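data08.txt follows (compact mmCIF, C-alpha atoms):
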# COMPACT_ATOMS: atom_id res chain seq x y z
CA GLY D 1 -17.55 1.57 27.34
CA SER D 2 -19.80 0.93 24.32
CA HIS D 3 -19.80 -0.88 20.98
CA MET D 4 -19.00 0.99 17.76
CA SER D 5 -17.75 0.36 14.23
CA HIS D 6 -14.15 -0.48 13.34
CA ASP D 7 -11.87 -1.26 10.41
CA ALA D 8 -9.08 -3.82 10.72
CA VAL D 9 -6.47 -4.34 8.03
CA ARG D 10 -4.77 -7.65 7.12
CA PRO D 11 -7.50 -10.14 8.00
CA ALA D 12 -5.61 -13.23 6.86
CA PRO D 13 -2.18 -14.34 8.03
CA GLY D 14 0.91 -13.61 5.96
CA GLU D 15 0.43 -9.87 5.51
CA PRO D 16 2.65 -7.34 7.30
CA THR D 17 1.56 -5.85 10.62
CA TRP D 18 4.13 -3.50 12.16
CA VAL D 19 7.77 -3.17 13.17
CA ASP D 20 9.33 -1.46 16.17
CA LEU D 21 12.85 -0.01 16.36
CA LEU D 22 14.89 0.12 19.57
CA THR D 23 18.05 2.26 19.50
CA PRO D 24 20.32 3.50 22.27
CA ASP D 25 20.49 7.04 20.89
CA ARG D 26 17.04 8.26 19.91
CA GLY D 27 18.17 11.83 19.31
CA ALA D 28 20.84 10.70 16.86
CA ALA D 29 18.63 8.08 15.24
CA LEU D 30 16.12 10.70 14.18
CA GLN D 31 18.86 12.73 12.50
CA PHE D 32 20.18 9.61 10.79
CA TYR D 33 16.88 8.51 9.28
CA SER D 34 16.03 12.11 8.46
CA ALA D 35 19.12 12.22 6.25
CA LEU D 36 18.34 8.88 4.58
CA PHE D 37 14.77 9.57 3.54
CA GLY D 38 13.61 12.60 5.50
CA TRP D 39 10.74 11.00 7.40
CA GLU D 40 8.75 13.62 9.28
CA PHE D 41 7.79 13.40 12.93
CA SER D 42 4.65 14.09 14.93
CA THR D 43 4.27 17.31 16.91
CA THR D 44 3.19 17.03 20.54
CA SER D 45 1.61 19.94 22.40
CA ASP D 46 3.03 18.90 25.75
CA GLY D 47 6.70 19.01 26.70
CA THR D 48 9.11 16.12 26.21
CA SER D 49 6.96 13.27 24.94
CA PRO D 50 7.58 9.62 25.84
CA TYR D 51 8.07 8.57 22.21
CA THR D 52 8.18 10.11 18.75
CA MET D 53 5.71 9.08 16.03
CA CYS D 54 7.55 8.96 12.70
CA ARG D 55 5.33 9.80 9.72
CA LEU D 56 5.95 10.41 6.02
CA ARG D 57 3.54 12.45 3.91
CA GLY D 58 0.85 11.71 6.48
CA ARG D 59 1.60 7.97 6.51
CA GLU D 60 2.54 6.18 9.74
CA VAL D 61 6.09 4.90 9.30
CA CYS D 62 7.27 3.65 12.68
CA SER D 63 8.27 4.60 16.22
CA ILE D 64 11.78 5.06 17.58
CA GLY D 65 12.61 4.98 21.28
CA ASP D 66 15.64 4.79 23.56
CA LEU D 67 17.34 1.65 24.85
CA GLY D 68 19.40 2.55 27.91
CA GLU D 69 22.60 0.96 29.19
CA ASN D 70 24.05 -2.47 28.34
CA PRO D 71 21.66 -3.25 25.48
CA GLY D 72 23.08 -6.68 24.68
CA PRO D 73 25.23 -8.41 22.07
CA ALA D 74 22.49 -8.88 19.47
CA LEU D 75 19.13 -7.11 19.65
CA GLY D 76 17.93 -7.07 16.05
CA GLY D 77 16.71 -3.48 16.09
CA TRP D 78 13.74 -3.73 13.71
CA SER D 79 11.52 -6.34 15.33
CA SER D 80 9.33 -7.88 12.63
CA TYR D 81 5.78 -8.81 13.64
CA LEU D 82 3.44 -10.72 11.34
CA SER D 83 -0.09 -11.84 12.20
CA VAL D 84 -1.02 -15.52 12.39
CA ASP D 85 -3.98 -17.84 12.76
CA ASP D 86 -2.85 -19.61 15.92
CA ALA D 87 0.29 -18.38 17.62
CA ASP D 88 -0.33 -20.74 20.50
CA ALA D 89 0.31 -23.57 18.05
CA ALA D 90 3.32 -21.93 16.43
CA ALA D 91 5.01 -22.14 19.85
CA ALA D 92 4.98 -25.94 19.56
CA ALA D 93 6.08 -25.75 15.95
CA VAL D 94 9.12 -23.67 16.88
CA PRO D 95 11.04 -26.58 18.44
CA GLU D 96 9.59 -29.12 16.01
CA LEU D 97 11.09 -27.07 13.18
CA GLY D 98 14.47 -26.83 14.91
CA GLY D 99 14.17 -23.57 16.83
CA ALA D 100 13.72 -22.36 20.40
CA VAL D 101 10.90 -20.26 21.90
CA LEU D 102 12.64 -17.47 23.79
CA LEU D 103 9.53 -15.74 25.14
CA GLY D 104 5.79 -16.19 24.92
CA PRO D 105 3.24 -17.04 23.92
CA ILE D 106 2.22 -14.70 26.73
CA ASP D 107 -0.79 -12.42 27.08
CA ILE D 108 -0.10 -8.72 27.48
CA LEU D 109 -2.79 -6.83 29.42
CA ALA D 110 -5.40 -9.13 27.88
CA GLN D 111 -4.82 -7.29 24.59
CA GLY D 112 -2.65 -9.70 22.61
CA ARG D 113 -0.06 -12.44 22.81
CA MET D 114 3.25 -12.57 20.94
CA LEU D 115 5.84 -15.22 20.15
CA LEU D 116 9.63 -15.02 20.24
CA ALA D 117 12.31 -17.37 18.93
CA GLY D 118 15.91 -17.40 17.78
CA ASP D 119 19.28 -17.54 19.53
CA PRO D 120 20.08 -16.66 23.15
CA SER D 121 22.25 -13.81 21.86
CA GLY D 122 19.01 -11.82 21.88
CA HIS D 123 17.62 -12.31 18.37
CA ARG D 124 13.96 -11.30 18.51
CA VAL D 125 12.02 -13.18 15.84
CA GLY D 126 8.41 -14.32 16.01
CA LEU D 127 4.78 -13.68 15.20
CA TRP D 128 2.01 -11.68 16.85
CA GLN D 129 -1.46 -13.06 17.57
CA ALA D 130 -4.04 -10.52 16.43
CA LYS D 131 -7.34 -10.79 18.32
CA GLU D 132 -8.94 -7.34 18.29
CA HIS D 133 -9.23 -4.89 15.39
CA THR D 134 -6.06 -2.96 14.52
CA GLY D 135 -5.63 0.07 12.27
CA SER D 136 -3.08 0.28 9.44
CA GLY D 137 -2.60 1.74 5.97
CA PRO D 138 0.87 2.21 4.50
CA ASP D 139 1.69 4.01 1.26
CA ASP D 140 3.39 3.17 -2.02
CA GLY D 141 6.37 5.50 -2.32
CA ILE D 142 10.06 5.96 -1.62
CA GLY D 143 10.59 5.30 2.08
CA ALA D 144 7.60 3.01 2.55
CA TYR D 145 7.91 -0.59 3.66
CA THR D 146 8.77 -3.00 0.87
CA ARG D 147 9.24 -6.48 2.37
CA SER D 148 11.27 -8.40 4.95
CA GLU D 149 14.21 -10.79 4.61
CA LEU D 150 15.99 -13.24 6.89
CA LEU D 151 19.80 -13.02 6.73
CA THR D 152 21.05 -16.47 7.77
CA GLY D 153 23.82 -18.92 6.95
CA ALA D 154 21.46 -21.89 6.78
CA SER D 155 18.48 -21.03 4.60
CA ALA D 156 18.10 -24.72 3.79
CA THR D 157 17.00 -25.17 7.40
CA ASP D 158 15.35 -21.82 8.04
CA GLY D 159 13.07 -22.53 5.09
CA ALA D 160 11.67 -25.56 6.87
CA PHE D 161 10.69 -23.28 9.74
CA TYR D 162 8.48 -21.01 7.66
CA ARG D 163 7.24 -24.03 5.71
CA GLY D 164 5.58 -25.27 8.88
CA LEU D 165 4.08 -21.89 9.73
CA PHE D 166 2.40 -21.12 6.40
CA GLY D 167 4.09 -23.28 3.79
CA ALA D 168 2.77 -26.38 2.00
CA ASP D 169 1.89 -27.87 5.39
CA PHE D 170 -0.83 -25.23 5.67
CA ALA D 171 -3.45 -23.91 3.26
CA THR D 172 -2.22 -20.31 3.09
CA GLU D 173 0.89 -21.27 1.11
CA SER D 174 1.14 -18.09 -0.92
CA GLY D 175 4.32 -17.41 -2.91
CA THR D 176 5.24 -18.42 -6.46
CA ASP D 177 8.28 -16.39 -7.48
CA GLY D 178 11.39 -16.10 -5.29
CA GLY D 179 9.92 -13.55 -2.90
CA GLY D 180 7.88 -10.47 -3.81
CA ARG D 181 5.39 -9.15 -1.27
CA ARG D 182 6.07 -11.51 1.63
CA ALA D 183 8.87 -12.50 3.98
CA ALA D 184 11.53 -14.83 2.61
CA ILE D 185 14.62 -16.64 3.83
CA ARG D 186 17.98 -15.40 2.54
CA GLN D 187 21.33 -17.22 2.52
CA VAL D 188 24.63 -15.69 3.56
CA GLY D 189 28.13 -16.59 4.75
CA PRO D 190 30.31 -15.67 7.73
CA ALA D 191 31.62 -12.35 6.41
CA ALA D 192 28.06 -11.25 5.67
CA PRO D 193 25.54 -9.98 8.23
CA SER D 194 22.90 -12.04 10.02
CA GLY D 195 19.43 -11.20 11.29
CA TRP D 196 15.97 -10.19 10.12
CA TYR D 197 16.34 -6.99 8.13
CA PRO D 198 13.39 -5.18 6.53
CA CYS D 199 13.61 -3.47 3.15
CA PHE D 200 13.23 0.29 2.67
CA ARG D 201 12.95 2.09 -0.67
CA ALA D 202 15.43 4.94 -1.21
CA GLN D 203 17.33 6.83 -3.88
CA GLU D 204 20.83 6.21 -5.20
CA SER D 205 21.88 9.49 -3.58
CA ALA D 206 20.74 8.22 -0.17
CA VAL D 207 23.26 5.36 -0.26
CA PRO D 208 26.30 7.61 0.21
CA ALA D 209 24.36 9.98 2.46
CA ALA D 210 24.08 7.18 5.02
CA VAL D 211 27.80 6.55 4.97
CA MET D 212 28.46 10.21 5.66
CA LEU D 213 26.24 10.06 8.74
CA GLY D 214 28.43 7.30 10.13
CA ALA D 215 26.95 4.07 8.77
CA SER D 216 28.63 1.16 7.00
CA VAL D 217 27.63 -1.48 4.47
CA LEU D 218 27.77 -5.17 5.32
CA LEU D 219 26.58 -7.01 2.19
CA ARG D 220 25.49 -5.90 -1.27
CA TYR D 221 23.36 -8.18 -3.45
CA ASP D 222 20.96 -7.92 -6.37
CA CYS D 223 17.27 -8.78 -6.51
CA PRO D 224 14.54 -8.84 -9.16
CA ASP D 225 12.58 -6.04 -7.50
CA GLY D 226 15.72 -3.90 -7.26
CA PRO D 227 19.20 -3.65 -5.78
CA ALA D 228 19.27 -4.25 -2.01
CA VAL D 229 22.04 -3.34 0.39
CA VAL D 230 22.51 -4.02 4.10
CA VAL D 231 23.61 -0.99 6.13
CA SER D 232 24.53 -1.02 9.82
CA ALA D 233 23.38 2.22 11.41
CA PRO D 234 25.51 3.74 14.17
CA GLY D 235 22.74 3.10 16.69
CA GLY D 236 23.38 -0.63 16.36
CA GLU D 237 20.32 -1.55 14.34
CA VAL D 238 20.78 -2.68 10.74
CA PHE D 239 18.46 -1.82 7.85
CA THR D 240 18.25 -2.62 4.15
CA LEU D 241 18.26 0.07 1.46
CA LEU D 242 16.57 -0.70 -1.87
CA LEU D 243 17.07 1.71 -4.75
CA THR D 244 13.90 2.61 -6.64
CA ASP D 245 13.60 5.30 -9.31

Taking this structure as input, can you express it in the form of structure tokens?
Amino acid sequence: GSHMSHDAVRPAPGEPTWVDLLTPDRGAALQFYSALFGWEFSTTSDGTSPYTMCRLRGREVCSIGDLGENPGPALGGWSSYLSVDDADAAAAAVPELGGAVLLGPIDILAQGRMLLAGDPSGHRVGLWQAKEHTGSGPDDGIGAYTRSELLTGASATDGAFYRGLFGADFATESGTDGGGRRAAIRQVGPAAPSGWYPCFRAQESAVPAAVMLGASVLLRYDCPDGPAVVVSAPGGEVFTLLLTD
């Protein structure tokens, strides 16, 4: 052990951190995404590696692993994780805002604590408490992260939730226009999908490509930053495609 330099990204709360994707069929997943955008993968010297590191033009994208048997009715797939000032406190805010803390705040190997909330169906939604220095550095191209949205049939209420995390209640109440470079609450109905779905830049030609692979659309809406469409991948996880030329 010894002390050395370090570089952490996203010092203040509100900025994106990372997202993990759990799918039952890793082998198929790779193919799927590969045909959407063509994200590269990391090469391991050893035999069968535990997980695959998905990279694009030398830019860490994400990691995809297997699920197993009997996943559950509603997982969420892409588990959004945003840094906060005081997760411990958010736990108390959860109920106060009209939610339910599923798991946490719990310490994991004295490295970090995370928070979970949502419905008992298995919706994984919360925030991660950054303590130590973490590395990051996304890119600004087709395929890179864009933003995150909350597909719910009660935005009126969901809004209150975020409001208490980092809205007017707090000082870090960033956000003028109707969502740009931060997470926002979206309103839907019963026929439409539900759950946190991140946004991924793609081409018009990728839209149909996905279908061919065995995916289906749920809802199609417009947005100021571009057209956004919700697509349910065969794995179970749902993702949002945003066309950008």

**Study point:** Coordinates-based distance that separates CA of residue 187 in chain D from CA of residue 154 in chain D (Å, one decimal)
**Key:** 6.3 Å

Name all residues at most 10 Å from residue 203 in chain D (count all atoms listed in the file; drop same-chain ones fewer than 4 positions away) and give them as a CSV table (one decimal) with C-alpha atoms, in the coordinates of the input.
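Result written to selection.csv:
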chain,number,residue,atom,x,y,z
D,36,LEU,CA,18.3,8.9,4.6
D,37,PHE,CA,14.8,9.6,3.5
D,142,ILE,CA,10.1,6.0,-1.6
D,143,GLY,CA,10.6,5.3,2.1
D,207,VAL,CA,23.3,5.4,-0.3
D,208,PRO,CA,26.3,7.6,0.2
D,209,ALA,CA,24.4,10.0,2.5
D,241,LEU,CA,18.3,0.1,1.5
D,242,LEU,CA,16.6,-0.7,-1.9
D,243,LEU,CA,17.1,1.7,-4.8
D,244,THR,CA,13.9,2.6,-6.6
D,245,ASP,CA,13.6,5.3,-9.3

Exercise for review: Would you mind listing what lies within 10 Å of residue 25 in chain D as a ChimeraX atom specification, with only C-alpha atoms counted and same-chain residues fewer than 6 positions away left out?
Suggested key: /D:64-68,234-236

Save out the residues we just selected, C-alpha atoms, as a short mmCIF file (atom, residue, chain, number, x, y, z; two decimals), keeping the file's coordinate frame.
data_model
loop_
_atom_site.label_atom_id
_atom_site.label_comp_id
_atom_site.auth_asym_id
_atom_site.auth_seq_id
_atom_site.Cartn_x
_atom_site.Cartn_y
_atom_site.Cartn_z
CA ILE D 64 11.78 5.06 17.58
CA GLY D 65 12.61 4.98 21.28
CA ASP D 66 15.64 4.79 23.56
CA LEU D 67 17.34 1.65 24.85
CA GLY D 68 19.40 2.55 27.91
CA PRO D 234 25.51 3.74 14.17
CA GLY D 235 22.74 3.10 16.69
CA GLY D 236 23.38 -0.63 16.36
#

**Study point:** All residues 8 Å or closer to range 181-184 of chain D, all atoms listed in the file, same chain fewer than 5 positions away omitted, as a list in words
**Key:** residues 14, 15, 16, 146, 147, 148, 149, 150 and 175 of chain D

**Study point:** Nearest to residue 190 in chain D by atom-to-atom distance, counting only C-alpha atoms, from D:82, D:151, D:53, D:206
**Key:** D:151

Review point. Pick the closest to residue 155 in chain D from D:185, D:199, D:8, D:97: which is it, counting only C-alpha atoms?
Key: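 Looking only at the distances to residue 155 in chain D, the closest residue turns out to be D:185.
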
Revision key, fill the gap. Pairwise distance, CA of residue 40 in chain D with CA of residue 123 in chain D, equals 28.9 Å

Review point. So, counting only C-alpha atoms, which residue among D:226, D:179, D:122, D:198 is closest to residue 145 in chain D?
Key: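 Counting only C-alpha atoms, the residue closest to residue 145 in chain D is D:198.
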
Practice item. Fewer than 6 positions away in the same chain doesn't count, so skip those; otherwise give me all residues within 12 Å of residue 110 in chain D, counting all atoms listed in the file, as a VMD selection string. Key: chain D and resid 129 to 132

Mind filling out range 5-23 of chain D with N, CA, C and O atoms and sending it as a PDB file, in the coordinates of the input?
ATOM      1  N   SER D   5     -18.379   0.887  15.417  1.00  0.00           N
ATOM      2  CA  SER D   5     -17.750   0.360  14.230  1.00  0.00           C
ATOM      3  C   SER D   5     -16.220   0.285  14.401  1.00  0.00           C
ATOM      4  O   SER D   5     -15.663   0.734  15.390  1.00  0.00           O
ATOM      5  N   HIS D   6     -15.588  -0.294  13.372  1.00  0.00           N
ATOM      6  CA  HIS D   6     -14.150  -0.480  13.340  1.00  0.00           C
ATOM      7  C   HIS D   6     -13.738  -1.022  11.976  1.00  0.00           C
ATOM      8  O   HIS D   6     -14.500  -1.695  11.295  1.00  0.00           O
ATOM      9  N   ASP D   7     -12.452  -0.820  11.666  1.00  0.00           N
ATOM     10  CA  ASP D   7     -11.870  -1.260  10.410  1.00  0.00           C
ATOM     11  C   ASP D   7     -10.479  -1.820  10.723  1.00  0.00           C
ATOM     12  O   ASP D   7      -9.579  -1.099  11.130  1.00  0.00           O
ATOM     13  N   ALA D   8     -10.350  -3.144  10.563  1.00  0.00           N
ATOM     14  CA  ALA D   8      -9.080  -3.820  10.720  1.00  0.00           C
ATOM     15  C   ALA D   8      -8.508  -4.160   9.339  1.00  0.00           C
ATOM     16  O   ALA D   8      -9.226  -4.528   8.419  1.00  0.00           O
ATOM     17  N   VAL D   9      -7.186  -4.017   9.238  1.00  0.00           N
ATOM     18  CA  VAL D   9      -6.470  -4.340   8.030  1.00  0.00           C
ATOM     19  C   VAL D   9      -5.730  -5.675   8.253  1.00  0.00           C
ATOM     20  O   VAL D   9      -5.378  -6.014   9.370  1.00  0.00           O
ATOM     21  N   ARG D  10      -5.510  -6.392   7.136  1.00  0.00           N
ATOM     22  CA  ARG D  10      -4.770  -7.650   7.120  1.00  0.00           C
ATOM     23  C   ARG D  10      -5.526  -8.742   7.885  1.00  0.00           C
ATOM     24  O   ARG D  10      -5.131  -9.199   8.951  1.00  0.00           O
ATOM     25  N   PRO D  11      -6.668  -9.161   7.318  1.00  0.00           N
ATOM     26  CA  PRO D  11      -7.500 -10.140   8.000  1.00  0.00           C
ATOM     27  C   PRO D  11      -6.863 -11.525   8.079  1.00  0.00           C
ATOM     28  O   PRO D  11      -7.033 -12.245   9.057  1.00  0.00           O
ATOM     29  N   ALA D  12      -6.243 -11.933   6.961  1.00  0.00           N
ATOM     30  CA  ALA D  12      -5.610 -13.230   6.860  1.00  0.00           C
ATOM     31  C   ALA D  12      -4.131 -13.147   7.255  1.00  0.00           C
ATOM     32  O   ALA D  12      -3.483 -12.103   7.200  1.00  0.00           O
ATOM     33  N   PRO D  13      -3.580 -14.299   7.651  1.00  0.00           N
ATOM     34  CA  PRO D  13      -2.180 -14.340   8.030  1.00  0.00           C
ATOM     35  C   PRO D  13      -1.310 -14.198   6.772  1.00  0.00           C
ATOM     36  O   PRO D  13      -1.714 -14.488   5.660  1.00  0.00           O
ATOM     37  N   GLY D  14      -0.067 -13.747   7.010  1.00  0.00           N
ATOM     38  CA  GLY D  14       0.910 -13.610   5.960  1.00  0.00           C
ATOM     39  C   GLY D  14       1.267 -12.162   5.619  1.00  0.00           C
ATOM     40  O   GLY D  14       2.365 -11.861   5.175  1.00  0.00           O
ATOM     41  N   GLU D  15       0.272 -11.285   5.779  1.00  0.00           N
ATOM     42  CA  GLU D  15       0.430  -9.870   5.510  1.00  0.00           C
ATOM     43  C   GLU D  15       1.221  -9.195   6.643  1.00  0.00           C
ATOM     44  O   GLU D  15       1.270  -9.665   7.777  1.00  0.00           O
ATOM     45  N   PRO D  16       1.858  -8.064   6.312  1.00  0.00           N
ATOM     46  CA  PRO D  16       2.650  -7.340   7.300  1.00  0.00           C
ATOM     47  C   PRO D  16       1.732  -6.681   8.330  1.00  0.00           C
ATOM     48  O   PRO D  16       0.601  -6.317   8.043  1.00  0.00           O
ATOM     49  N   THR D  17       2.298  -6.465   9.532  1.00  0.00           N
ATOM     50  CA  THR D  17       1.560  -5.850  10.620  1.00  0.00           C
ATOM     51  C   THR D  17       2.231  -4.541  11.051  1.00  0.00           C
ATOM     52  O   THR D  17       1.717  -3.469  10.776  1.00  0.00           O
ATOM     53  N   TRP D  18       3.403  -4.657  11.686  1.00  0.00           N
ATOM     54  CA  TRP D  18       4.130  -3.500  12.160  1.00  0.00           C
ATOM     55  C   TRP D  18       5.529  -3.946  12.583  1.00  0.00           C
ATOM     56  O   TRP D  18       5.805  -5.126  12.755  1.00  0.00           O
ATOM     57  N   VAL D  19       6.405  -2.948  12.734  1.00  0.00           N
ATOM     58  CA  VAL D  19       7.770  -3.170  13.170  1.00  0.00           C
ATOM     59  C   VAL D  19       8.197  -2.016  14.077  1.00  0.00           C
ATOM     60  O   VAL D  19       7.981  -0.843  13.792  1.00  0.00           O
ATOM     61  N   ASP D  20       8.837  -2.400  15.190  1.00  0.00           N
ATOM     62  CA  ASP D  20       9.330  -1.460  16.170  1.00  0.00           C
ATOM     63  C   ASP D  20      10.853  -1.396  16.104  1.00  0.00           C
ATOM     64  O   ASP D  20      11.508  -2.392  15.815  1.00  0.00           O
ATOM     65  N   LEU D  21      11.407  -0.212  16.393  1.00  0.00           N
ATOM     66  CA  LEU D  21      12.850  -0.010  16.360  1.00  0.00           C
ATOM     67  C   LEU D  21      13.328   0.546  17.705  1.00  0.00           C
ATOM     68  O   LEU D  21      12.911   1.594  18.178  1.00  0.00           O
ATOM     69  N   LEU D  22      14.241  -0.223  18.315  1.00  0.00           N
ATOM     70  CA  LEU D  22      14.890   0.120  19.570  1.00  0.00           C
ATOM     71  C   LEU D  22      16.357   0.491  19.298  1.00  0.00           C
ATOM     72  O   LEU D  22      17.128  -0.324  18.804  1.00  0.00           O
ATOM     73  N   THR D  23      16.712   1.732  19.665  1.00  0.00           N
ATOM     74  CA  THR D  23      18.050   2.260  19.500  1.00  0.00           C
ATOM     75  C   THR D  23      18.510   2.933  20.784  1.00  0.00           C
ATOM     76  O   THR D  23      17.724   3.525  21.520  1.00  0.00           O
TER      77      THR D  23
END
